[PDB]
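Protein chains in written order, with the authors' numbering: chain Z, 2 to 49; chain Q, 1 to 112; chain 2, 2 to 44; chain L, 3 to 122. No residue lacks a Cβ here, since even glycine has one placed at the ideal position from N, Cα and C. Beneath this line is the structure, given in structure tokens, with notes to follow.
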RNA sequence: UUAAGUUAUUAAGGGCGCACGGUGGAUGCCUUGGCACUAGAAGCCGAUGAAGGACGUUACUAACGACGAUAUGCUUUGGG
RNA sequence: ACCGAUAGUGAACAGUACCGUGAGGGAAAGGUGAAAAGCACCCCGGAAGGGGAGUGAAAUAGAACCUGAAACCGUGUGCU
RNA sequence: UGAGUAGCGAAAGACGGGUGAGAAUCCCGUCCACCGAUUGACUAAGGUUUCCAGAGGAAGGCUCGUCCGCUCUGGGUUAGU
RNA sequence: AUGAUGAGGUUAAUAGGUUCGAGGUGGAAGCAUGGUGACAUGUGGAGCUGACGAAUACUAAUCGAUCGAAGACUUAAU
Ligand SMILES: [Mg+2]
């Protein structure tokens with residue numbers, strides 16, 4: 002029910018090894034405009 | 001040279017800002033702008049405004065060419081906390097911390 | 002659930018309240034005690 | 003088939019509403035899981051409309067809620083009339099299809115994947 | 001070339017040392033306020049309406065001080 | 001051969017916030033600079049914030065303003 | 001620290017148009033749904049400006065917010081019965 | 001549960017709209033005839049049909065990007 006001992010800095014930081022986010026798909030809109038998300042459509046700010 | 005910009009007392013918690021900020025550290029500016037437009041966290045637009053501000057400082061004050069610039073440093077420090085309460089059952093209150101952040105971006109061209 | 006403290010304008014002025022405190026010796030004691038402390042509200 | 007976070011009658015109700023406003027506007031914006039479900043509800047309506055007879059006009063009235071459209075030249079027609087009138091004559095030679103889905107980015111308030119379902 | 005053998009290289013993350021930041025308000029220095037006394041006066045007012053208050057009063061007015069429809073003050077005798 | 005802002009009055013800015021039907025209980029909170037000279041003007045930004053320029057002996061003295069410890073949170077690295 | 005964990009306080013919404021730096025959450029429209037011896041309409045206690053208009057979005061609002069019972073400015077209560 | 005596993009990504013049957021079936025229900029609507037009427041009969045094993053079997057590119061699986069090796073020494077036989 003309750004923690005018996007406090008958690009140290011090193012154990013807390015080991016537990017957060019996998020707690021991250023990843024970079025998205027990001028294909029480039031060739032005809033006009035900047036990057037867009039892949040398999041998506043950007044009617045404005047992109048020709049694709 | 002180097003140009004920097006700071007955003008002080010942003011009202012998002014630092015643990016949440018650092019998570020997006022670990023995506024752009026050490027990348028060239030155009031790619032970092034692309035990444036920040038397609039990530040859907042709450043702190044993406046705020047970080048993007050800080051990065052834009054640094055890029056504009058790099059060009060108006062130091063006459064640097066923005067075509068070849070990299071994000072040299074990106075980090076978030078803690079600001080002062082707002083302390084609040086929430087009423088719980090049986091007449092008790094519990095604390096709530098509304099945390100804030102200082103956000104710093106510095107860009108460089110890699111020369112001297 | 003019904004709580005204690007059901008407010009009432011007349012009851013409040015008649016039980017507490019200046020004239021009631023002035024009508025007895027032990028009420029005048031209360032008034033003098035609050036004057037000596039410097040309290041802003043007397044009754 | 004898929005439950006859309008609703009009970010049996012709430013689901014059936016908002017699915018008729020979604021199918022009816024697509025026939026009015028030809029193009030609507032919604033979430034992805036809802037689009038993938040209304041896709042197959044709209045095309046059966048168009049199939050009913052291409053048959054044309056009275057028995058099928060009455061089967062289409064079980065869906066297809068009840069609205070008035072005000073087109074140019076002050077023409078007022080119902081949704082059931084617009085379907086059997088012009089939507090059916092448009093795709094009189096397709097053999098299926100009739101709709102396409104286009105993905106957009108995530109919505110701001112929640113993370114929902116937004117989508118445009120159109121009528122080819 | 002094939003055998004038998006020995007020993008290298010990775011850091012997702014962690015540890016120690018160092019450098020540079022933030023948060024926080026200890027420490028030092030300071031004093032507008034207090035504490036304990038000495039010497040010399042004095043102690044208690046009120047139906048000629050007290051002590052204590054409420055409302056008001058400034059060109060612009062919320063609070064405290066000052067003042068009372070003669071109201072952010074009036075007269076007079078001295079000082080400057 | 002009394003205290004120096006957790007001290008000294010509860011109170012250096014108050015018998016007030018606030019709590020209690022009531023009698024009653026009762027806080028926290030000092031320091032820019034010698035002088036406001038308290039940042040004209042330009043840039044990014046809806047703003048907030050910031051980078052330059054300028055004032056100043058000093059702006060990591062910019063009003064959350066003397067000094068600015070520790071817990072705690074980060075970024076970069078020499079050995080592992 | 002526990003930890004990006006528990007919780008976010010009874011319920012039906014959908015789409016089009018608008019405004020905005022920014023919209024699931026604000027405004028307008030259509031459809032759908034819920035109460036209806038009442039979730040409708042009056043008068044008392046009690047509260048004491050919360051009422052209205054224009055402006056605002058730091059904090060409050062268990063999310064968001066261009067909105068607000070929140071902030072700023074200016075207004076509003078009329079009796080011989 | 002998520003991740004993982006497996007079937008596919010146009011030189012394509014992956015979803016699966018359309019067409020045809022299996023199975024389920026049990027005789028649609030409209031019209032005609034009989035009956036005073038409730039109703040009955042015919043057209044006609046009719047009509048409808050989620051998840052199961054086939055066929056068919058009509059709609060969507062676009063364009064792209066990233067990662068990823070260069071075969072060490074010593075000794076003995078060859
Ligand atoms: Mg740390």
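When Cβ-Cβ separations below 9 Å define contact, residue 76 (chain Q) makes no contact with chain Z.
Distance from the Cα of residue 98 (chain L) is smallest, within the candidate group 60 (chain L), 28 (chain L) and 48 (chain L), for 48 (chain L). Residue pairing by DSSP puts residue 116 (chain L) in a beta bridge opposite 33 (chain L).
Burial is judged here by how many other beta carbons sit within 10 angstroms of a residue's own beta carbon; residue 48 (chain Z) has fewer than 16 and is exposed. With respect to chain Q, the C-beta atom of residue 25 (chain Z) has a partner C-beta closer than 9 Å.
Taking the Cα of residue 56 (chain L) as reference, the smallest distance to any Cα among 14 (chain L), 82 (chain L) and 11 (chain L) is reached at 82 (chain L). Under DSSP, the beta-bridge partners assigned to residue 28 (chain Z) are 37 (chain Z).
As for any beta strand (DSSP E) of minimum length 3 sitting wholly inside the stretch 55-79 of chain L, the runs are 70-73, ordered along the chain.
With a threshold of 9 Å between beta carbons, residue 64 (chain L) makes no contact with chain Z. Not a single C-beta of chain Z is nearer than 9 Å to the C-beta of residue 53 (chain L). By the CB criterion at 9 Å, residue 47 (chain Q) and residue 69 (chain Q) fall outside the cutoff. For the set 52 (chain Q), 94 (chain Q) and 78 (chain Q), the Cα lying nearest the Cα of residue 101 (chain Q) is the one of 78 (chain Q). Around the beta carbon of residue 51 (chain L), a 10 Å sphere encloses 16 or more other beta carbons of the protein chains shown; the residue is thus reported as buried. CA-to-CA, the gap between residue 101 (chain L) and residue 30 (chain Z) works out to about 25 Å. The residues 5, 7, 103 and 105, in chain order, have a CB closer than 6 Å to that of residue 50 (chain Q) in the same chain once the five nearest residues on each side in sequence are set aside. CA-CA distance, residue 23 (chain 2) to residue 44 (chain 2), rounds to 10 Å. For residue 105 (chain L), the nearest CB of chain Z lies under 9 Å from its own CB, placing it at the interface with that chain. For the stretch 27-47 of chain Z, residues whose beta-carbon sits nearer than 7 Å to a beta-carbon of chain L comprise 38, 40, 41 and 42. In this structure, residue 26 (chain Q) sits away from residue 98 (chain Q), with a CB-CB distance that is not shorter than 9 Å.
Per the DSSP secondary-structure output, residue 13 (chain 2) pairs with nothing in a beta bridge.
Short note on residue 10 (chain Z): C-beta closer than 8 Å to some heavy atom of ligand 1. Listed along the chain, the chain Z residues whose CB falls inside 7 Å of the CB of residue 35 (chain Q) are 24.
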